[PDB]
Amino acid sequence: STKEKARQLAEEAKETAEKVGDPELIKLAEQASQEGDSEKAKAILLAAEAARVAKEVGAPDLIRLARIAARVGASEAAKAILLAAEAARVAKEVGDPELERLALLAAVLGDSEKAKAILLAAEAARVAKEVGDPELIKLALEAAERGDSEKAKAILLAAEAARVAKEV
Amino acid sequence: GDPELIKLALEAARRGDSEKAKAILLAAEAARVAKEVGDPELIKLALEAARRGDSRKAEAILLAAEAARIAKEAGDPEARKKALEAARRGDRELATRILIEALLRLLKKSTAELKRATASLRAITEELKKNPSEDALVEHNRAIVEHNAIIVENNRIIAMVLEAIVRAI
Amino acid sequence: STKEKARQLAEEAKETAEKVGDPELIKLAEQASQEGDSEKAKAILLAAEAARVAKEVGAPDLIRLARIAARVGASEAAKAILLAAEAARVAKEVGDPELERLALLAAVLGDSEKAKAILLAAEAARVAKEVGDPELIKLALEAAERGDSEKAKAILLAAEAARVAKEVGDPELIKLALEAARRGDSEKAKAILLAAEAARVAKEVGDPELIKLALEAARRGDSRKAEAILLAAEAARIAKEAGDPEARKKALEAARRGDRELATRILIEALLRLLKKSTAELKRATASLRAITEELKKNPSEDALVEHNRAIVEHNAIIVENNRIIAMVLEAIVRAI
Amino acid sequence: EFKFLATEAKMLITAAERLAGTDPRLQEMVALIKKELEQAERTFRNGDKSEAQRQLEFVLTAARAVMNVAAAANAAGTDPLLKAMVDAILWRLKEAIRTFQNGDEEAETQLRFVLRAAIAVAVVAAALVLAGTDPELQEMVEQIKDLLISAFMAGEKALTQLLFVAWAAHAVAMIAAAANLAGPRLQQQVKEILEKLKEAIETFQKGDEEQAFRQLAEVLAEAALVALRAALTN
Amino acid sequence: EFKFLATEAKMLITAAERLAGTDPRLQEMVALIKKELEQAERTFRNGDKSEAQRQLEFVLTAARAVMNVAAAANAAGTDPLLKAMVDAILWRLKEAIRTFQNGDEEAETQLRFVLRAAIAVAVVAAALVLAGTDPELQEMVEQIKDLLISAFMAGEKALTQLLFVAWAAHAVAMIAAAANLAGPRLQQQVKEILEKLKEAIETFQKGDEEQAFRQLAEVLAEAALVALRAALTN
């Protein structure tokens, strides 16, 4: 079931790449299918989803990052690029450039942990700007610079708690 | 259209394993839900369960497929992804919880739609009241029927959510 | 958090005192807040609630009792006065003066146990007068004079079991209720009540094995087996309403087994089938209402508007019926969960 | 030695402090290195002479990569991908500095490549800064940068790949400097070394590890030989 | 590693074989290194993996210094003092290669400086090759070369001195490359970094080890920063 799962995940990779605007990642996915690497197939799939979320966000850095990750078949780098494109969307919703830098850095380092950290930190910055919690935004920026997903999720939950408290 | 499920059913019939046959049935149902929704990972997990014969994993995959179908009907792709993750995990408790959250969101949406429909029906009633005629009574009755149909749809959504809770409880 | 809880419970005490008609208890509550005694605060609160329930009942004895309890800060006496004012309301609903004497005595002695005894005994006397069970009323009066909350609750449950038996026609259940009242076993009386309910469901459905298991549980006094038989009887009733005789037979088997989990699962399956049927019926009714609406739209008139409104009302009634079925299923799930 | 090759590290620290005037991450890394330099000099003054030598060797690579990053920032003040990879290498360097400060062994593992990473990064930065109107291979250099980003992901599959990328940048940086001081003999001489360079890069992108590296190194050597005459052509 | 960073040494060997077309001592050293590279690869193929790593690390510095010497010969084909110091470094490199082949320990001692010696030698060679009509500091560069010859004699008193000479050459080579592609804003910007460079060199010739090294490094950094704009000025 390894070669079949590889061909399927790689076909999905090529489809999400063509939807992302990547025919190169689509061809790399076709190659992952022909080789039978489910790891490379899911890597090209996560990278294609990353490129789609980036085209939704608008960062060519993570776009080329996911393109190279699909051309190589890097699953960690592809998941990092996907979570970093989510972080970039959340930051464009929030408006923190240091968060965008941390997200692009997590995508480049391929640290999916740091990428989820950047996503949770962009969410934390958005929730803090909505609540007005400067300590929460500071903790979010500190987690984004550090790449701590626990600290970024804590900043997000603290901004949400401060919002619920101010509303209460 | 799951020939793997049909093969598992034939193998269970030859083996006389009602458990394997029920697992094949649940896997065929999960694969049908995956094909109707478009969850190839769900259909893959269903085929894997049919080859394995795990009625628990197949039922969890079916619950996650129904949850992802409700999510697509609502628009929660994160819910569909969580359902895929839970079906890959093989548990149905998280799938049922996600289906419940999606049903709650869809129920809030249907409640907003029903409030809007009731406001529209009251407006058509006030219009027929201010100047009753053929068109006025026509619009008032049409708004009443539209409110009844919206209430029937909301009740159907609530019934689906309750059936999900029952299959979970 | 002791002083804050004290100030809060004492402010609530003063408020419920002013609502009860007690400015003296309100001032005693303000004093309990200023001192910071959460015990005295909750005491003045329970005494203020006691005075409110008394002003609702009309006994100045318990009123002055709660007033003094708030002035002193007696939590046991305040809870006794509250349960005794509840007993006095239940007795004014029933009409037993010995019960009122026992309730006032529990309020004066401050025995919250005897006060709950008087409340349950007034409830028992009311349920006996409603059912016509003189043994239940005698046990209620004996518990009120004794101050036994267990005996009074047993008399209440036995009067309720006798009422359910008379409404069902189960003389075995009525005999079990009288025996539990004489024994003072609230568990046996509740088992007799559940058995009378199960026998009523069996008679209304026609499940003689269910009525037999109900009589056997009433003779035994197993509230668990009686509740399982009642659940299986409701499941078989839903099955007959749907047409699943296999479900009724499985309910009979489970009631003979004495478990209610299988009975609840069968009731859930029957409710799911009935819900699918009601969903089909509601879709058909919505289609018919839309068709009548289109007919009134193509040619509106007296008959057209009449048919459109009649179809709308029929769809509303079908939706109400489906909602009632869903509510019954949910109540079954709640009684099971 | 541990205090006789740390004066060279001290000149490196003085250069980096004067060459990293932006990217406060670079100033913070220089400060942590000087503290690490101070810690080694104290251990060089203490009986921890072997620990002093180890910390000084680590801080030497740290200062070298920091100078690479500072020269990159000075040579890549206009490339967003370069600034992003630079901040990424800065974060990776802070992580490796915390790891080495934790005694992590794996310090000269990622930083072993992060040193080569900063090398190739400053290489691409100089290739972009000494470029002009017609880069003609900045896309390839971006591809190489992608390959560097890929090397940023290939960091185990980047040890020889980083060296190959640096050698291709050197063949490009030689051609870039030749065309920079040219107004076209140097351009025609660099057009033939760049031809073999692109051929090897396609071969290096064709999974050729020894042959493509050799072809790129020979192209770089021929480019440097032609640059010897191009430096006197103006 | 011992065979994963020796492919980089192999690209270095390919560059040097294509960049050392004269000085048959350079070709002979490249051949002895390739044999030493072959000996390490055999030890890398043998159970002598630590010996393979040591020989590969030695041969890596050997190939680096050999590339430095080849680039110097390509950039100093007209300086007799440079060719003399180059043949001297070639003889010293043959001696250090025989010593390391003898297991001598003292291999990365003189070659430790002879690596920096070849570095500063290629540095001065590039400073002379990228020069033109007005060297204006080739005498100083010859003085530095003298200081390099002095470093050639100061090899223990040359470890930081070689680094300082290389940094001064870099401040000169940056200014030299700036004036090379210039026809005069780059010349005026390099005239101010060269001022601090000569001031530090006089200070470095005044026995100032930290202050003069810092001043020369800062002058080189400012020169490299001005070169970033001078590279787009043409």
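Residues numbered from 1 in each chain as written, not as in the entry; some residues may be left out. Chains lettered and ligands numbered in written order. Part of a larger assembly, values for the part shown. Heavy atoms only, no water. Residues with missing side-chain atoms left out of burial classes, pairs and counts.

Method of determination, as given in the entry header: cryo-EM; reported resolution: 6.5 Å.

**Q** Outline the overall build of chain B, supporting the account with residue identities and numerical values.
**A** From N to C terminus, chain B includes seven helices and zero strands. Along chain B, from the amino end to the carboxyl end, the secondary structure elements read α-α-α-α-α-α-α. By the compact-globule yardstick of 15 Å for 169 residues, chain B is too spread out, its C-alpha radius of gyration being 21 Å. Residue pairs in contact within chain B that sit at least 24 positions apart in sequence constitute 56% of those at least 6 positions apart. (Helix = DSSP H or I, 4+ residues; strand = E, 2+ residues; numbered from the N terminus. Rg over C-alpha atoms; globule rule 2.2 N^0.38 Å. Contact = heavy atoms within 4.5 Å.)

**Q** Give a detailed account of the overall build of chain A, specifying residues and quantitative values.
**A** Along its length, chain A carries nine helices and zero strands. Moving toward the C terminus, one meets the helices and strands of chain A in the order α-α-α-α-α-α-α-α-α. Principal axes of the C-alpha set define a box for chain A whose edges measure 55 × 30 × 25 Å. In chain A, the share of contacts with a sequence separation of at least 24, taken over all contacts with a separation of at least 6, comes to 71%.

**Q** An account of the packing of helix 1 (residues 2–20) of chain A against helix 3 (residues 38–57) of chain A is needed here, citing residue identities and associated values.
**A** Residues and elements named next belong to chain A. Taken N-terminus to C-terminus, the directions of helix 1 and helix 3 make an angle of 15°; their axes are 7 Å apart at the nearest point. Here helix 1 lies roughly parallel to helix 3, going by the angle between them. Judged by the sense of rotation from one axis to the other, the crossing of helix 1 with helix 3 is left-handed. Every residue of helix 3 that contacts helix 1 at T2, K5, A6, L9, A10, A13, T16, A17 and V20 is listed here: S38, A41, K42, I44, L45, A48, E49, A51, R52 and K55. (Axes fitted to C-alpha atoms, helices over the stretch in contact; angles between N-to-C directions. Parallel < 35°, antiparallel > 145°, perpendicular 65-115°, else oblique. Left-handed = near helix turned anticlockwise from the far one by under 90°.)

**Q** Give a description of the relation of the copies chain D and chain E that names residues and reports values.
**A** These two copies of the chain differ by a rotation about an axis and a displacement along the same axis. The operation relating chain D to chain E is a screw motion whose rotation component is 179°, with 0.5 Å of axial translation and a residual RMSD of 0.0 Å. In short, the pair behaves as if placed about a two-fold rotation axis. Taking C-alpha positions as reference, the residue of chain D nearest the rotation axis is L181 of chain D, located at 1.8 Å. Of the interface residues in chain D, 96% have counterparts in chain E that sit at the interface too, so the contact is made through matching surfaces. (Least-squares fit on C-alpha atoms.)

**Q** I'd love a proper account of the packing of helix 2 (residues 18–37) of chain B against helix 4 (residues 55–74) of chain B, names of residues and values included.
**A** Residue and element names in this part refer to chain B. Look at helix 2 against helix 4: their axes get within 8 Å of each other, and the N-to-C directions meet at 20°. By the criterion of interaxial angle, the relationship of helix 2 to helix 4 is roughly parallel. Crossing hand, helix 2 versus helix 4: left-handed. Together, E19, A23, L26, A27, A30, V33 and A34 of helix 2 and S55, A58, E59, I61, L62 and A65 of helix 4 make up the contact between the two elements. Here the residues of the contact of helix 2 with helix 4 sort into 10 nonpolar, one polar and two charged. (Nonpolar A, V, L, I, M, F, W, Y, C, P; charged D, E, K, R; others polar.)

**Q** Lay out the interface of chain B and chain C in plain terms, naming residues and giving numbers.
**A** If you look at the interface, chain B gives eight residues, while chain C gives nine residues. Of the residues in the side of chain B that touches chain C, the class split is four nonpolar, two polar and two charged.

**Q** Please provide a residue-by-residue account of the arrangement of the chains, values included.
**A** Highest in contacts among the three pairs of chains that touch are chains D and E. In this view chain B stays clear of chain E, with the nearest C-alpha atoms of the two still 39 Å from each other. With no contact formed, the shortest span from any C-alpha in chain C to any C-alpha in chain E equals 65 Å.

**Q** Quick one: what's the story with the interface of chain D and chain E, residue by residue and with numbers?
**A** With 26 residues of chain D in contact, the opposing surface of chain E contributes 25 residues. Among the elements of the structure, helix 1 (6–19), helix 7 (159–180) and helix 9 (211–230) of chain D are those that each provide at least two residues to the side of chain D that touches chain E. The element best represented in the side of chain D that touches chain E is helix 1 of chain D, accounting for seven residues.

**Q** Pulling in residues and values, what's your account of the environment of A43 of chain C?
**A** By the secondary structure assignment, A43 of chain C is in helix 3 (residues 38–57). Separated by 157 residues in sequence, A43 of chain C and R200 of chain C place their C-alpha atoms 45 Å apart.

**Q** Tell me about the environment of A80 of chain A, and please be specific about residues and values.
**A** Residue and element names in this part refer to chain A. Examined against the element boundaries, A80 turns out to sit in helix 5 (residues 75–94). As a C-alpha pair, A80 and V108 span 28 residues in sequence and 8.1 Å in three-dimensional space. Setting aside chain neighbours within four positions, we find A80 in contact with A106, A107, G110, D111, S112 and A115.

**Q** Please give an account of unusual backbone geometry that cites residues and values.
**A** Residues and elements named next belong to chain D. At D23, a residue that is not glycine, the phi angle is positive and equals roughly 55°. Mapping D23 onto the fold places it in the loop between helix 1 and helix 2 (24–45). One non-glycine residue, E136, lies in positive phi territory at about 65°. Counting through the fold element by element, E136 comes out in the loop between helix 5 (107–129) and helix 6 (138–153).

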